[PDB]
Each structure stands twice: as structure tokens, then as C-alpha cells.
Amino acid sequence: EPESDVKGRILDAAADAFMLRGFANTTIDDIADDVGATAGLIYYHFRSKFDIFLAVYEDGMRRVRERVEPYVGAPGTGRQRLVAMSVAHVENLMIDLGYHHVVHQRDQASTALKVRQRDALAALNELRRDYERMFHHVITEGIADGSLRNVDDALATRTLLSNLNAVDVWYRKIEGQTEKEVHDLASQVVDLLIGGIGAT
């Protein structure tokens, strides 16, 4: 098996474990069990549980950006782009739920992080801010072009992003739910966020 494929299975297992039990209670042994190996294989690829967390965060950010970024500068009104970006964001959340949990999962901790880990975390947090700024940019454009309501752009951006991510309060993966079924659920959610619940 290619080493990149083994790493991917580790990240998949770790993302789901961190989601299920939380970072603090997840162990390297949990992750090893879920990929069919020993702790030694995990440590060969990642030196610590926090390094695995950082790698999950990095991969989650890459995946969501690759799904959403193509729409930001595409032809269309602000609303058309915002709908496409928002559906893609929610679809990514629904497909890669464990990665989403990590991306969105304290300064006061029991042990110090390594210097390298703190630098990597800060860079990932800035990447997440850069990603969220794409929504602010499109919302500002849509307010200006009239496809969105004349509301406060900062409040609308913070509200919309919190709402897209709040799908994680209730959504759980269902085995055998199809790609279109997940896309359709994401579309229904975004229809409520952009079109509202109130009539006319």
C-alpha cells in the first residue's frame, strides 16, 4: 500500500475518532485499532496525536477550499455565487463530517505544544480566516449588486457562516445515502438560509 494511502486512512480514522470521543479522550491505540495496525505504524507517520489533529485540519481545509473556491470569482451575481459556495460548503461538511469537526474544534492546556505545532496551528487558523473571507467578499458583492438584501455585510457573513457550520448540530452520516441525496439535503438547507423561512 502506498504510504500516502496509509496516511489517508489514518487521517480518516482519526477524524472520526476525534469527532466521536473528543481529542482529549482519543488515544493513538484507538486510531491504530481503526486502521488495523499497531501504535508503531501510527507513530511512523505522525509523531503525536496533536500532529494527527494538525494533519486532519490541513486536509479538511484543502478539501473545502477546493470545493468552494472555484465559485468565488466565477460569473454570476453575488447571490448565485453565494448559493453555489454555500451548497458546496455544506456538502463538504456532510461528506467529510469528521474533518469538519476538527477544523472547527484551548489556549490553557495541561502540556505545552511543540514550537513547530504552534506555528502550524496559527497558519491553519489564518487559512480558515482566508476561507471565510471568501464568503464576506461575495456577500458584499451581492449586497452591492442587489441580488442580496441591503443588510449589514459583516453581520450577514458571521451569521451565514455560523449557520452553514451549525448543520453539524443535527446531521449524521447515513450509510448508503447517495451523493445526490446528500447534495439535495445540502441544497434544502441552503435554500432556508438564503431564501429565509418567511413567505413572500
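Position 1 is the first residue in the sequence shown; the rest follow in order.
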{"property": "Count class of coordinate-free deposited residues lying between the neighbours residue 105 and residue 106", "result": "1 to 3"}
{"property": "Of 164-172 and 33-41, the stretch whose C-alpha atoms average the higher B-factor in the entry", "result": "33-41"}
{"property": "Given 106-114 and 119-127, the range whose Cα B-factors average higher in the PDB entry", "result": "106-114"}
{"property": "Selection by C-alpha B-factor (highest) of 132, 66, 51, 58", "result": "66"}
{"property": "Chain-relative CA temperature factor third for residue 151", "result": "highest"}
{"property": "Relative C-alpha B-factor of residue 78, binned into the chain's lowest, middle or highest third", "result": "lowest"}
{"property": "Residue 12 - which third its CA temperature factor falls in, relative to the rest of the chain", "result": "middle"}
{"property": "CA B-factor placement of residue 19, once the chain's modelled residues are sorted into thirds", "result": "highest"}
